[PDB]
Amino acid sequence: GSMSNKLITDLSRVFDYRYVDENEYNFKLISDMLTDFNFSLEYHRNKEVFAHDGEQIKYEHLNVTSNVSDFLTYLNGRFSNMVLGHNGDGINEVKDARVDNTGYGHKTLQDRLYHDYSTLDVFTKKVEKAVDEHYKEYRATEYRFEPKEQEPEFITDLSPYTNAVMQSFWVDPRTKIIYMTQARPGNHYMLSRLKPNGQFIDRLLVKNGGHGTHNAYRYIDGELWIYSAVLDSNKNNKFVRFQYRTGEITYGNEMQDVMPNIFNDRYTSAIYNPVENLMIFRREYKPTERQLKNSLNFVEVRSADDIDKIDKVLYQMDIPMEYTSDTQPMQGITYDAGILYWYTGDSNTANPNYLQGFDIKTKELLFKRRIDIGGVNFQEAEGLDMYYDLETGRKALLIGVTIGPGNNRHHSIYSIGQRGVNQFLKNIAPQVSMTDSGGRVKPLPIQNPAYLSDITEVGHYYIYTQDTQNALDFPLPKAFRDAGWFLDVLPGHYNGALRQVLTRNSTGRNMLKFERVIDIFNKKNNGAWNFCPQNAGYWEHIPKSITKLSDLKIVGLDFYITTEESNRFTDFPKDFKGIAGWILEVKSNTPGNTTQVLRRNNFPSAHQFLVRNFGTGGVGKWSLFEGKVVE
């Protein structure tokens, strides 16, 4: 009927006879295709009649290139002309040939041929020169990459929720997520993931991972892998690898050793180059070597495909001093097209930060350049990265900076890129806004949320009545949830505290306002809602389910109690029920206690107000205060 030579690429999800039968079928098809390729090559070489046309065959002799068919046609034509061609009047035919195409009569055939060839040779060389010059100009405009000369351009800020200097950063060319490291006090390092505008996404604490100076980030068949330098239970060095996940990770079965036998004799860290599929290693020489080699750090270039199994150092180079302390310690490392980029060094403050370039094969210093920024008109180094654009193949040298003293630590990425790379990186994600791009309220991330504290991105939001019903952390009990609210999520501090402001969407009722601090990393640390009184001249009613005034404990939130409603309250002053309207005031006290005031809404009669304190201190009695009517 038909027979498809196409392989089964969608397999059975269960190990069956069918799963085996699909694999055998594929291997049978592949075996036949391979046997056919082997037969085809042999047949091409030995039997195929018209393996090629003669036009596909080069014929070259003494600086002349033609093809076999055209040269055969040429030879046959030379024969045919000698047989068929008329014998001319020699001299007169030669005399006629002295006249060039413009009609100019040269003195000799050789003069004419010389003039013709020279005219075309000079012309074609002039066209070739213009081609090379236009191409050189085009390539310089588009692909110029000079880290020794170009001024770094600001790309973005990086906003982790950790107050520490940045060790390293890596921009994922596929997802555009930024992976950054920050050392933590207990020989741990924090690995934060950010959006390309620097906005925090999530994080991973690498427990006993050391300082996190740098990691190698490698994609393997659409899956991302992180190659990290760590420490075990005994604080001994280990070069391991693992896939990202949020939360925590420690040396054990959760991560894979690479080649422990050759790397764990020293501190071993690495960076991955996707262009050449190389894995560049930065290994610390043992303390005893620092006195003899005068080189505190060394770099070894190895292959990634070869790192998946075999041991082979392609090129090795010692990092001289002063490129590793005291006034110039290592702050950044990257690699591109046979050049090792090295960023030094501390600074705070006096001494400038330097970017160096070394030829990894010759070990020579190619350039040393001062790196300084003046756009926030001191500044300290924080990592290097080599960005390779997935769509265009274009590149940029990324320079990470951490600016300010201690508390005021802010991080930024600067770049030296090829044409359009910096503009692309700066504009992947617009900077964080309180609204959408058009100035409208941002959408909520959850429908009828269990926790309002789950809204962790700053912004102006709106919560409808039905979306407040499930809230477990709402400022008002469920009996009061009859309205829509404006929600403002504002920045807090550098470690995860944010502010949240709720305002009731009321035109004919007062705009109730509450504010709190939330800890986005632990809701148990969330602050209580602060009621901020504001009033438009409207009354506030008590929900009908409430029969005790003692249930009303929000400080500064008044209620109106009509004459009829006053009968419903079991804790209402006994001899003051069903006679007048009252304003209930709820005032401050100690934790577990409340102060309440009921003030009469009297018109011709004497003013009366009743005060009580109640809670853990006991159920206090009401005390009456009465005034004297005057004119």
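Quick note: we count residues from 1 along the sequence shown, nothing fancier.
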### Unresolved deposited residues in the interval that joins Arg440 and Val441
none
### Sequence continuity check, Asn377 and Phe378 (deposited residues unmodelled)
4 to 9
### Message
Test of understanding: from the entry's C-alpha B-factors, which stretch has the higher mean, 447-455 or 109-117?
### Response
447-455
### Summary
Mean Cα B-factor check, 239-247 vs 262-270, entry values; winner is 262-270
### Query
Which is it among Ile201, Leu502, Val165, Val299: the one with the largest CA B-factor in the entry?
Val299
### Query
Highest Cα B-factor in the deposition, which of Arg283, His493, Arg509, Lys524?
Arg283
#### Entry: Modelled-residue ranking by C-alpha temperature factor, third containing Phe559
lowest
### Message
Quick check on the deposited entry: does the C-alpha B-factor of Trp529 sit in the lowest, middle or highest third of its chain?
### Response
lowest
### Task
Taking the chain's C-alpha temperature factors as the reference, tell me which third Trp170 falls into: lowest, middle or highest.
middle
### Query
What third of the chain, by the recorded C-alpha B-factor, contains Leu366?
highest
### Query
Can you tell me which third, lowest, middle or highest, the CA B-factor of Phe514 falls into for its chain?
lowest
